[PDB]
Amino acid sequence: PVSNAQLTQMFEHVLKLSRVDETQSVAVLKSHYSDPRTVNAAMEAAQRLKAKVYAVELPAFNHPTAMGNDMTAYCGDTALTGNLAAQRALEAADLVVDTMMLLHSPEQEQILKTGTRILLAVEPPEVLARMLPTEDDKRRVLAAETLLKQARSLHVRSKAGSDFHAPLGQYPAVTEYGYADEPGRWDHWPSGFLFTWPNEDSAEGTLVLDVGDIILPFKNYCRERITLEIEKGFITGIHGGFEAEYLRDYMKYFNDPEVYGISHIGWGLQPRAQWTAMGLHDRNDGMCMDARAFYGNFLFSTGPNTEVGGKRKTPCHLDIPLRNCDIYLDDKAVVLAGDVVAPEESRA
Amino acid sequence: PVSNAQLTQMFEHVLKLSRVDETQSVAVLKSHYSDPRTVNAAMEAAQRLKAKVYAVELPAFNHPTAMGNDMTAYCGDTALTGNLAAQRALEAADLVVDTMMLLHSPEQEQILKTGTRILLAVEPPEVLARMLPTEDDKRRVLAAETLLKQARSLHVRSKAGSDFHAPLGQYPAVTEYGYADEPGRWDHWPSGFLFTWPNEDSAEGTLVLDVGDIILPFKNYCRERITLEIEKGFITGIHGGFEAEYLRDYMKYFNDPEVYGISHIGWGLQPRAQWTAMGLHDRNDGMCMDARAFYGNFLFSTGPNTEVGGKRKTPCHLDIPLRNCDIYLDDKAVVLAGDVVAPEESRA
Amino acid sequence: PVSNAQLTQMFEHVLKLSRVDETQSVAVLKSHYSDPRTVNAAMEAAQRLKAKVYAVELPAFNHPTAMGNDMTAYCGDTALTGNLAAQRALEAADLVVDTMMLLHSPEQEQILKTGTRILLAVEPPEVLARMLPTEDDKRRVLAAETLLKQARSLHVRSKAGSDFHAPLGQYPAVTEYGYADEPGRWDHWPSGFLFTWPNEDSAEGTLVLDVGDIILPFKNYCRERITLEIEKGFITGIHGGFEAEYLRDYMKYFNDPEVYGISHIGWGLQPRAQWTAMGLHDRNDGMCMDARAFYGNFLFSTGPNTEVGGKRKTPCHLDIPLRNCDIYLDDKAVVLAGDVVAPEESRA
Amino acid sequence: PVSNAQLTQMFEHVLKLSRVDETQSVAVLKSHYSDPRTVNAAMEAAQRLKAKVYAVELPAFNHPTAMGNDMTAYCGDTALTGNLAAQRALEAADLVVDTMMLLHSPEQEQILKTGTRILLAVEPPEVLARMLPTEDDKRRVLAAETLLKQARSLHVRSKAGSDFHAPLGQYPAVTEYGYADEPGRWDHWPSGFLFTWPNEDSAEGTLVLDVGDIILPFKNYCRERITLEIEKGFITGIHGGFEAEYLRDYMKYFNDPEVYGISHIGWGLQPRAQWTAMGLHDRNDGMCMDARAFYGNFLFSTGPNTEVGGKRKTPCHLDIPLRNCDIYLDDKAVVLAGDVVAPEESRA
Amino acid sequence: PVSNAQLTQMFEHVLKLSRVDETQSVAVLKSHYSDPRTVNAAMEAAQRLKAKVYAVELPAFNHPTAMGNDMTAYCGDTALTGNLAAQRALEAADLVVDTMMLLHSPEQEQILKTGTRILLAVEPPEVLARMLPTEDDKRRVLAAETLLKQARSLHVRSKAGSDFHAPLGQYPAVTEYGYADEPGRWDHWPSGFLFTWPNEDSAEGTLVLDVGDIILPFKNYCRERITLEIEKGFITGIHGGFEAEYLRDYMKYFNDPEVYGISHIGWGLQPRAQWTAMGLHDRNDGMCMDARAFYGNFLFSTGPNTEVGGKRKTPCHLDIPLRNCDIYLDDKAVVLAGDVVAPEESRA
Ligand SMILES: [Fe+2]
Ligand SMILES: [Fe+2]
Ligand SMILES: [Fe+2]
Ligand SMILES: [Fe+2]
Ligand SMILES: [Fe+2]
């Protein structure tokens, strides 16, 4: 496990990648459920770097109908909703270290528009250490982003039956390489992947969760196939066995035809993340960045897309990584058999 | 002692009086030595009144030459010094509950300029409860403020031989009545007194700390007399037995002529405070507002007066109340033999 | 200092002397200011002795006019006042270990009348170790109780000028030897002393606090004499220096003629208690049993006497032990020059 | 659940069995993630038994590539690696109570070589209570050991297709009956099993994880068979469905030919342990001793064997218990179809 | 006050000066009453410096007849008495940080002989910060040592009547400058003074505690004179008013002629320490090193000399600083009227 001393050094390293120094101000955002060791370590490390530091504690926000303890599960209001003073208290800072899992909101977007950069850190210390950010990871992620911002279409195929096409261009590319160096940037330690959104009402085809593919926030390896039929950017059929029914039942509870929209789409670039990791953790350890980010996955998502000016504001939200896919941007393959093949600069 | 329910209720009471309601944002300012029960009662109470809330934690500021644990003793920089983001974090709020004892500073003056209010609350709960603030305390204190602002001169006599003159006018009256209701106001729960400052280089005569008179932050009842000789606003001679030598040596330590300057002067109007209270407490219990505010005391101060655009910025600061004094504003007496006599409204 | 293991062992010892075993039920009474180590040790110890145990936590009770943190200083309502259910929950136990300092009250007296026995234990572990109860202390105390119950009068002389006479007979003798073995008995770990009360309206003479004598809760060694003139069981004069005036001032604040009545009178039998102990502690640490029980002191008290059916229910309460006294019961001396001389079985 | 009282009494029981008394010294070894309750109980029980005690605290060691929070998952360096002084601090003691799970390493082996004995205690209190050690467990486990030390080979068959042969003799037999009574002896509260290692480069045949069989540290009951093919001490083939792919992925990650080596082999003799227990626990709750020690299991392990001078020093370590097995020493059955049949004195 | 951050940084400074780096082992010694912030800060700082570290926790040891919570007040056995394993646990290390105040004893001396060095650090962080150790301080203190090791006699005179003489030479001089750089060396952060002991049975004359002088551990400033008459290295008479009677009573209580022995003698060389500091603190804040080390004091002690193989191992230990003294080595002044005059290289 990770000692207190190692944990402050890790924060020293990541904050330094994030351009924290004596000119900079750091605000550590926490609530009752924040990991006190991580908060502590972020406060000490920041002070070691000569930054001006303060913590901001907000009362937790609860969505009454939300289930489980993964907060990515229900995308709605946040602790900042209606608390304009606290938001200003965070805008005042250059860098916010977020340990309370503030969700994407117009309130957060307003923080980012002032130049403030935000670094999310909520995984346990041990996950943090295995996926400790590097500049190499930034270069690789950015090489891939260049290639994605020039793409007009995205195609996914798998031997299991995925055949999925997504026109692009209408929306930007997002990257997460694990540190918050550039102003107005949000990032997450740990990460190491990229995505965009399909043009509105256009994503078509079928996506097949094979045996061994994952649905978050359920955090299970599927034991039977689920076939998703998608038309004009919405899931219209969900088929297969017990997982299929559990999925169908879970999406129905939200009682909203918006849950079925396809939101982000992208691939993983983090070789230190492992598909097997999730099997060694409890549900309540964290949100499982290993599943999201592992090298050569295809990650797609359902539900809200308000983050980029999409129509959908629904709380239901799934992230589903697929193994063993072939992924194509226009004519060219970025991933083949779940091995990353292009750009050459993006490869491990 | 004071339970958690009673503490919360007392903070509801004082925050009501400080005009906290649903239109308001409260910031609870704290550091690692803040009492957690007090912080939690303030946060809970503010939410009961439907105000938005957040807590602000700052790292402790240490002045390396300072002695004791009393923070009034050493007036220098503070954790706000060069820490604008932190200051903006407080400025966001309508009302700051200070549980860390931020000392008067240009940075704090800026906060009040914006219209933000500051309530200091750091004494132990039992003390807080005994001097719970009232609208009647404000009335009486504000009645005294009227008289004081007109006054051209202050004069103090005692049978023990105090004979002290101070010319007024050049500097404002300042009140403390225990709550922060007006915009840009600072007050301290608990309090109930007022002071001003004498004209530059002008104060003249002798002050005698009789047997039983008090020096803060030493927190001793004097057992022998201390005679202080004052020329052109400065102490030039300190005479007596052991307390005098103890006092001279304390002042010498600071190695600075600024320490001998007289700062605020004024009288106490808090009948629920008690001169005997100090001898039932330890030093580190707090700063002993009972000695400062007890009804009919004369309280004068030394050292820094940059608070009001004075020349002196030195850390060394004593507050000294005296019993059994007659105090005269111009020709008219406020206190006679330690009893408040004028204004009538201001009496108990 | 005392380790956790040694503290549980000490409690095992005292609870064994208090006749705790597998037939008995023990309730540990605590509130938020209770020493958690002592509570934990009481709970562990009782369970080691196979007793059935539980803890009762009450919300603290504050007297709004009370000053300081010692609770013997203000005798009025308690946490049990108005809380019949909690009282009953205490009544169910055979033995209550009180770690919250429940003052004597009608509710407590009712707990005692059900057979329930109560042991107070609030002093720090180190004082508790030093004055760990023995059977031999009980023997010595009871032998003095035998003598005191036959007494028709008590007389106190001292070279410093004490000359005090009190008829007895009207009221019982109370003993404290530091454990709670008999049903319906209250006792206090640590102690080792006994007292009674003088017949109503009858105590006459002078008691002189010599240099070095103590007033509780002030917890000072007197540096100047205070002379107490007493007539028909009331102090009618208090003369001397600063201590005199401080005492006069303190008693006045209560605005109650009753504070000046003489309540209990007795002597100490605890050689392991030391008159010097007090100047090695802080006011916060405890209520100072060393001062009340030290061998050969004459201890007297002012204020309430509703404990024994007296007229006075006032909150002001002093305990004042005097060194170097001769104490006579009828014509027979029990203490001479602060040394215990009779009964022979009560001596060290 | 288990109280503090009970937990301490369990440590007394176990420490006594482990021959702790007034002649002995106990070091309680710990880190930031140790259960403080277990620590305190070990400390206090050691003092109740009159031993001299201290605790040693090491800062935690993280293997940057390790996953999950079970420390049996990565057997590499430990917090003792290069910390010679800490090693000597543990060598000073007669008995180390290990509450941090010190992996078997050259440093621990050395400690044991000084005569120091070590008792591992890291399972949750309830698990500790369910498998509280007995002298009778020791007898049954020693009776089995006799037969193991007499064997020239070990053979496992099962209806599912296990057909596995292991020449014995090169390496010694090791027992675990739950307490550390003998000098230089390491044991684990709880346990109740025994094992040895096969001769170098010799183990042959196949081992079949049937439905219901367990891989540690994954902590799953397999839903599909996995077949392990073994040649000359090494797994050379892993076949089945999803469990098999996952397993293969996990072993490959470590990128070491060494992970594939068969290490210890043996059977379970703890009837208080239970194959079903694991499905009643979360992954972070413990290491799952139930799964390792249950009566009649066959337990084999992969990876490192430097414990006993074997060539392999790798981190990847699996323990795999198999149900329903026929286990033979030479030609003689010690277990048939998961029931223990010989020796008779080893049986329930 | 001092933040965690700052406190960690101070320990780096101090441990660097104590020559801690990658080659060294640091052991941090503690007990249940050790300040955890200080413990953490020391553990952290030694890691930041690449040292190997562990903590050793000893259960607290309590001398049943000890009074108060200053541990210098009773120098008998310690928590290491009889605990050889723990002593070895500490000898294993190159540098021990003592956060529990191991008293001087045959065990602590033995540790030091193995070449292990020791740094005591128990004063509150704020104090630690005010007298932060410097190389210059060492320079000044070794200069004074030079002088003292040459001296054949020490003589103290004061206007108040001190007239005291002590042959030197039988025993070594000892320095304390704040850091433990040399192997075999004990020091204390904070300090800055030096002392030796007088030849057996030889110190003669009178030492007068004037008004303003201090007795440790009573931690009072004397209000009346106490006169100590000294013959053949023992106090034979103690005279004055109330303080003298108190002191006599305190000494008698231990019932041991060895308490009256004159032990170390010397003077203070620390200008950042202040004679007034003590009056700003509470008894349980620390041991008042300000009072022991202030520049120009003469400090003498009573009770045990066993540390140097002296005859007396009694627990009653007093430390007594006098101001305004002339101190002479042979016939030359090192101090006059409480100001240090030789050697010139020791002056501030
Ligand atoms: Fe998503
Ligand atoms: Fe002031
Ligand atoms: Fe009383
Ligand atoms: Fe294993
Ligand atoms: Fe000493």
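Residues numbered from 1 in each chain as written, not as in the entry; some residues may be left out. Chains lettered and ligands numbered in written order. Part of a larger assembly, values for the part shown. Heavy atoms only, no water.

Method of determination, as annotated in the archive: X-ray crystallography, at 2.2800 Å resolution.

## What to know about the coordination of the iron ion (ligand 1)
All names here are of chain A. Note the following rule: Each metal site is built from N, O and S donor atoms within 2.8 Å (3.2 Å for Na, K and Ca), and since water is not included, such sites may look incomplete. Irregular is the default label, applied whenever a site is not tetrahedral (four donors, all angles between 85 and 135 degrees) and neither square planar nor octahedral (four or six donors, opposite donors over 155 degrees apart, all other angles between 65 and 115). Helical segments are the DSSP runs of H or I of at least four residues, strand segments are the runs of E of at least two, and each set is numbered from the N terminus. Using a 1.4 Å probe on the protein chains alone, a residue whose accessible area is under 20% of its type maximum counts as buried, one over 50% counts as exposed, and one in between counts as partly exposed.
Taken together, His264 (NE2), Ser301 (OG), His317 (NE2) and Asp319 (OD) make up the full set of protein donors to the iron ion (ligand 1), lying 2.0 to 2.8 Å away. Here the iron ion (ligand 1) is ringed by four donor atoms whose angles at the metal span 82 to 159°, and the overall shape comes out irregular. Counting residues between consecutive donors of the iron ion (ligand 1) along the chain gives the motif H-x36-S-x15-H-x1-D. Of this pair, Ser301 sits in strand β16 (residues 298–302) while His317 sits in the loop between β16 and β17 (319–322), and the two are 16 residues apart along the sequence. With relative accessibility at 10%, the residue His317 sits in the buried group.

## Points about the interface of chain B and chain E
Inclusion rule: Residue contacts are counted whenever heavy atoms from the two residues lie within 4.5 Å of one another. Two parts placed together each lose some accessible area; with a 1.4 Å probe, that loss summed over both constitutes the buried area. Think of a salt bridge as a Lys or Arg side-chain nitrogen and an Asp or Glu carboxyl oxygen that are within 4 Å of each other.
Of the residues lining the interface, 27 residues belong to chain B; the matching set on chain E comes to 24 residues. Carbon and sulfur atoms make up 54% of the area that chain B and chain E hide from each other, which totals about 2300 Å². On the chain B side of the interface with chain E, the three residues burying the most area are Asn62(B), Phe242(B) and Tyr246(B), jointly 28% of the side's total. Scanning the region where chain B abuts chain E turns up three salt bridges. Close ionic contact of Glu243(B) with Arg223(E) constitutes a salt bridge, the shortest N to O distance being 3.2 Å.

## Observations concerning the interface of chain C and chain D
Where we set the bar: The definition of a polar contact used here is a pair of N or O atoms within 3.5 Å, where within protein one atom must be able to donate a hydrogen and the other to accept one, and adjacent residues in sequence count solely through side-chain atom pairs.
Of the residues lining the interface, seven residues belong to chain C; the matching set on chain D comes to seven residues. When the two sides are added together, the surface that chain C and chain D hide from each other amounts to roughly 580 Å², 41% of it contributed by carbon and sulfur. If you sort the residues of chain C by the area they bury against chain D, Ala5(C), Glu44(C) and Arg48(C) come out on top, with a joint share of 64%. Viewed at the interface, chain D and chain C are joined by zero salt bridges. Applying the counting criterion to the chain C and chain D interface returns two residue pairs in polar contact.

## Digging into the UniProt feature "binding site: Fe cation" in chain A
All names here are of chain A. The test is simple: UniProt positions are given in the numbering used here, feature names are shortened, and annotations may be inferred rather than shown by experiment.
As annotated by UniProt and renumbered to match this structure, "binding site: Fe cation" occupies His264, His317 and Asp319. The named residues occupy 56 residues along the chain; their greatest pairwise C-alpha distance, 10.9 Å, places them in one compact cluster. By the secondary structure assignment, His264 is in strand β15 (residues 262–268). Excluding residues that lie within four positions of it along the chain, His317 makes contacts with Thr72, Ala73, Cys75, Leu216, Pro217, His264, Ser301, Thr302 and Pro304. A polar atom in the side chain of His317 sits 3.1 Å from the backbone oxygen of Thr72.

## Overview of the coordination of the iron ion (ligand 2)
Residue and element names in this part refer to chain B. The iron ion (ligand 2) binds to the protein through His264 (NE2), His317 (NE2) and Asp319 (OD), with metal-donor distances spanning 1.9 to 2.5 Å. Sequence positions of the donors to the iron ion (ligand 2) reduce to the motif H-x52-H-x1-D. Taken together, the residues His264 in strand β15 (residues 262–268) and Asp319 in strand β17 (residues 319–322) connect sequence positions 55 residues apart.

## Regarding the pairing of strand β6 (residues 163–167) of chain C
Residue and element names in this part refer to chain C. Put simply, the test is: The pairing criterion for strands is at least two bridges between them, as found by DSSP.
Only one face of β6 is buried, namely the one carrying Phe164 and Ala166, since none of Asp163, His165 and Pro167 on the opposite face is buried. Strand direction decides the pairing type here: strand β5 (residues 153–158) and β6, joined by five bridges, are antiparallel. From the neighbouring strand, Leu154 faces β6, where its bridge partner is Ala166. Between β5 and the antiparallel strand that follows it, β6, lie four residues; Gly161 among them carries a positive phi value of about 120°.

## Details of the pattern of salt bridges
Tallied over the entire structure, the rule returns 99 salt bridges over all chains. Note that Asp181(A) and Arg19(A) form a salt bridge whose closest N and O atoms lie 3.9 Å from each other. Of this pair, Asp181(A) sits in the loop between β7 (173–176) and β8 (186–188) while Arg19(A) is found in the loop between α1 (4–17) and β1 (25–30), placing the two residues 162 residues apart along the sequence. According to the relative accessible area criterion, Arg19(A) is partly exposed, its value standing at 44%. For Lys138(C), the salt bridge identified is with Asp181(C), shortest N-O distance 2.9 Å. Of the two residues, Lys138(C) is situated in helix α6 (residues 135–150) and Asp181(C) in the loop between β7 (174–176) and β8 (186–188); the sequence distance between them amounts to 43 residues.

## Focus: the relation of the copies chain B and chain E
The line we're drawing: Here the copies are fitted together by least squares on their C-alpha atoms.
The operation relating chain B to chain E is a screw motion whose rotation component is 119°, with 0.1 Å of axial translation and a residual RMSD of 0.4 Å. In the structure described here, the two chain copies are related by an operation that fits a three-fold rotation axis. Within chain B, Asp282(B) has its C-alpha nearest the rotation axis, a separation of 4.0 Å. A share of only 7% of the interface residues of chain B reappears at the interface of chain E, consistent with the copies meeting through non-equivalent patches.

## Some words on the relation of the copies chain C and chain D
When chain C is fitted to chain D, the residual RMSD is 0.3 Å, and the transformation amounts to a turn of 179° plus an axial shift of 0.2 Å. Expressed as a symmetry operation, the mapping of one chain copy onto the other fits a two-fold axis. Within chain C, the C-alpha atom positioned nearest to the axis of rotation is that of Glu44(C), 5.4 Å from it. Same-surface contact between copies: 86% of interface residues of chain C are shared with the interface of chain D.

## Focus on empty space enclosed by the protein
What counts, and what does not: With a 1 Å grid spanning the protein atoms alone, the term cavity applies to any set of points in which a 1.4 Å probe fits but cannot get out, the term pocket to an open set with protein on both sides within 12 Å along at least five of seven lines, and the term lining residue to any residue with an atom within 4 Å of a point. Grid points are joined across faces, edges and corners, and a volume is the space filled by probe spheres set on the points.
Within this structure, the stated rule accounts for 19 cavities of 30 Å³ or more. Here the largest cavity defines a volume of roughly 90 Å³. For the largest cavity, the lining is made up of 15 residues, of which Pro198(C), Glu200(C), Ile262(C), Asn305(C) and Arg312(C) are closest to its centre. As for the second largest cavity, its lining consists of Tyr33(B), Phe61(B), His63(B), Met71(B), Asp77(B), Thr78(B), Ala79(B), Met100(B), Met101(B), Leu102(B) and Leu103(B).

## Brief notes about unusual backbone geometry
Following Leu216(A), the chain continues to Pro217(A) via a peptide bond in cis, the omega torsion being 10°. Its place among the elements puts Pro217(A) in the loop between β11 (214–215) and β12 (220–221). For the bond running from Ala342(D) to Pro343(D), omega is -5°, close enough to zero to count as cis. Mapped onto the secondary structure, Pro343(D) falls in the segment after β20 (339–340). One non-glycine residue, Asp201(B), lies in positive phi territory at about 40°. As for its position among the elements, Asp201(B) is in the loop between β9 (193–196) and β10 (204–209). Its identity as a non-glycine residue notwithstanding, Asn255(D) has a phi of 45°, on the positive side. Mapped onto the fold, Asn255(D) is located in the loop between α7 (242–253) and β15 (262–268).

## Quick look at the packing of aromatic side chains
To keep things clear, this is the line we draw: Stacked, tilted and edge-to-face pairs are distinguished by plane angle, under 30 degrees for stacked and over 60 for edge-to-face with tilted covering the rest, among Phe, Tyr and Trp rings (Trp via its six-membered ring) whose centres lie within 6.5 Å. A ring has a charge above it when a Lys NZ or an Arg CZ is no more than 6 Å from the ring centre and no more than 35 degrees off the ring normal.
With the rule as written, the count across this model stands at 81 aromatic pairs over all chains. Considering the side-chain rings of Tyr253(D) and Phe254(D), the 5.3 Å spacing of their centres and the 75° angle between planes classify their relative orientation as edge-to-face. Exposure remark for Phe254(D): the relative accessible area of 14% places this residue in the buried category. In textbook terms, an aromatic cluster arises when at least three aromatic residues are bridged by ring pairs, as seen for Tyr221(A), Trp275(A), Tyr74(D), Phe218(D), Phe242(D), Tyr246(D), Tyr250(D), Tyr253(D) and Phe254(D). For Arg323(A), the ring lying beneath its charged end belongs to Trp275(A), and the centroid distance is 4.0 Å.

## Observations concerning the side chain of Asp326(C)
All names here are of chain C. Our working definition: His is not counted, nor are the chain ends, whereas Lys and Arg count as positive and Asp and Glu as negative.
Note on placement: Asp326 falls in strand β18 (residues 325–329). Buried and unpaired, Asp326 has no salt bridge, with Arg157 as the nearest side chain of opposite charge at 5.3 Å. A polar atom in the side chain of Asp326 sits 2.9 Å from the backbone nitrogen of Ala337. If near-sequence neighbours (up to four positions away) are discounted, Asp326 is found in contact with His155, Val156, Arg157, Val335, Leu336 and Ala337.

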